[PDB]
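Numbering (UniProt numbering), first residue to last: 2420 to 2981. Heads up, the beta-carbon is just placed ideally off N, CA and C, and yes, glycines get one too. Read the structure below first, then the notes.
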Ligand SMILES: CC(C)Oc1ccc(CC[C@@]2(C3CCCC3)CC(O)=CC(=O)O2)cc1F
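This is the structure in structure tokens:
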């Protein structure tokens, strides 16, 4: 069936859209080639519509059925509970999309009578009615990228499809416990969202070492959300239903599946009918869990079809990496084609065709790769990095323009040991926080799709707990990593190391001069910038820091605030 049908009504914005990085003294000090940085807008929604719209053909075989049976068996070991209206309300981001029924996210969080009553009525309706398609809004996302000259043309806007706030709270009540606990039970060590960046590195390295002649590949599905069929979504529901659930949960899950998850009408911000969806909704609670299960099922079966030897998968939504035993270069290329053919039959055709890789450092998954640097003792150590282009472009935008959610803070947290997060992101943003006297102000950021309020002054202990003390003393980064950063700095027009070091020393001195948590930031985050090093001992606050909850599950598109 067609992933989408369209009426001709436009996908409309509801606020002004800026497409060019503005000229701004603060962002200019970070990167001067502002014309390289753009944001997507509703103007390119038509381009995206064409890309996401196609007929899916799906044929299922014995391998598919076998894997599904195994997954259901694991799912049957899971007991999940309904959330109360209170608990669900508390998971709603403060700035989540308001309801069309006269209340917003703040009212939901405050347990406002108008909010809570409508939620109860939506829930009751889910129980009474298991057929009527539920309305969704479709919007073009405004996301920031750098121009890729070698590729041609800007990325068009991604779309988001989401039901009303009232429905989203009901999804949490029925399914929050399921989507938080089920994936790890079903997929075990293959479930990527259970890992911190360091734990992800550990899993990848150990998996690589477990093979005699390791070979790995990332598999890019062409528009994964759109490839997801009614069958796939019903199969996901059948997996959910294997859980030990309350009767009202079972009914609500069945209802949400029939009325929302399988498909439904698309409405623009002007209230006009834009068309109809028969694929994954990108803005529902089950997007991440559904994609992860479905990607895992199809890939596991395709591994068997391709007769890959000892395939180990790591899955995060639609992001898939496979590590296996090499059968030789020609044999590997042939087996990857068979894998691709199998995935295609399952309705997960390739974007870029998968390529066998024999160096672990060259495998990119979740937009990231393992690399090597040296710790204080000179020992080679593994850590997670990524190309810094998008992080830096977004940092520049977030410098020039105010936004609730700050990718830069998430990037510092997740990539704290990296050359670029330390040299550039920490230096740049602490200089701004110093200038603004806003070090004490908590900021919102995203980790694995969930939103968190984080105090920048807590960064030293957060980094220690997450990455260890070595994050503050890594040096001698790999030539490949240094070269990649070098290319980025040239492309974006970012100042060189000598400039960042100078800026960092000044930032550090000021932080130190202020005492308290500010001084701890100066000492630990910027020790790299000084000749006369300070001794970096374990921070007492880090030992009593429970960073569990951060890496339990993925919630991208799921409207989750922790
Ligand atoms: C990209 C290239 C043209 O320039 C650089 C080369 C190396 C580095 C790393 C410098 C280093 C890090 C420490 C954390 C931030 C800067 C690590 C290192 O090996 C020595 C050092 O003085 O600091 C940055 C650079 F910007």
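- Within the chosen limit of 7 Å, ligand 1 does not reach the beta carbon of residue 2898 with any heavy atom.
- Ranking 2826, 2909, 2846, 2939 by CA distance to the CA of residue 2948 puts 2846 first.
- In chain order, 2876 place their CB closer than 7 Å to the CB of residue 2859, counting only its own chain and leaving out the 5 sequence neighbours on each side.
- According to the DSSP assignment, residue 2635 belongs to the beta strand (DSSP E) that extends over 2633 to 2638.
- Residue burial annotation: residue 2665 is exposed, with fewer than 16 other C-beta atoms found within 10 angstroms of its C-beta.
- Ligand 1 has a heavy atom closer than 7 Å to the beta-carbon of residue 2895.
- Remark: C-beta atoms of residue 2681 and residue 2578 do not approach each other more closely than 8 Å.
- The criterion of a C-beta distance shorter than 8 Å is satisfied by residue 2467 and residue 2575.
- If you draw a straight line from the Cα of residue 2687 to the Cα of residue 2740, it is about 36 Å long.
- Relative to the Cα of residue 2481, the nearest Cα in the group 2961, 2721, 2816 belongs to 2721.
- Sequence-distant partners of residue 2691 (beyond 5 residues in either direction) whose C-beta falls short of 7 Å from its own C-beta, in its chain, are 2428.
- If you draw a straight line from the Cα of residue 2896 to the Cα of residue 2781, it is about 15 Å long.
- Around the beta carbon of residue 2915, fewer than 16 other beta carbons sit within 10 angstroms, so the residue counts as exposed.
- Within the same chain, Cβ atoms closer than 6 Å to the Cβ of residue 2700 are found at 2580, the five residues on either side in sequence being excluded.
- With respect to the 8 Å criterion, residue 2977 and residue 2706 are classified as neighbours on the basis of their beta carbons.
- Listed in chain order, the non-local C-beta contacts of residue 2929 below 6 Å within the same chain comprise 2853, local neighbours out to five positions each way being set aside.
- Look at the beta carbons and you see the stretch 2863 to 2880 touching the stretch 2944 to 2964: at least three pairs across the two are nearer than 8 Å.
- By the Cβ neighbour-count rule, residue 2855 is exposed, with fewer than 16 other Cβ atoms within 10 Å of its own.
- The three-state secondary structure of residue 2456, taken from DSSP, is strand.
- Spatial neighbours of residue 2805 in its own chain (CB-CB distance under 6 Å, excluding positions within 5 residues in sequence) are listed in chain order as 2786, 2787.
- Three or more Cβ pairs closer than 8 Å define a contact, and the stretch 2434 to 2449 falls short of that threshold against the stretch 2604 to 2617.
- Of 2529, 2489, 2495, the smallest CA-CA separation from residue 2505 is found for 2529.
- Distance from the C-beta of residue 2450 to the nearest heavy atom of ligand 1 is not below 7 Å.
- Taking the Cβ of residue 2926 as the reference point, every heavy atom of ligand 1 lies at 7 Å or farther away.
- With 16 or more other Cβ atoms inside 10 Å of its own Cβ, residue 2889 counts as buried.
- Remark: the C-beta of residue 2827 is outside contact range of ligand 1, defined as less than 7 Å to any heavy atom.
- Taking the Cα positions, residue 2538 is about 51 Å away from residue 2946.
- DSSP links residue 2692 through a beta bridge to 2686.
- Not one heavy atom of ligand 1 sits closer than 7 Å to the Cβ of residue 2890.
- For residue 2553, no beta strand (DSSP E) encloses it, and the DSSP letter there is neither H nor E.
- Distance from the CA of residue 2620 to the CA of residue 2796, rounded to the nearest whole angstrom, comes to 20 Å.
- For residue 2442, the three-state secondary structure derived from DSSP is coil.
- For the pair residue 2818 and residue 2446, the CB atoms are nearer than the 8 Å cut-off.
- Comparing alpha carbon positions, the residue from 2899, 2927, 2980, 2883 closest to residue 2964 is 2883.
- In this structure, the alpha-carbon of residue 2867 lies about 30 Å from that of residue 2521.
- A distance of 8 Å or more separates the beta carbons of residue 2490 and residue 2742.
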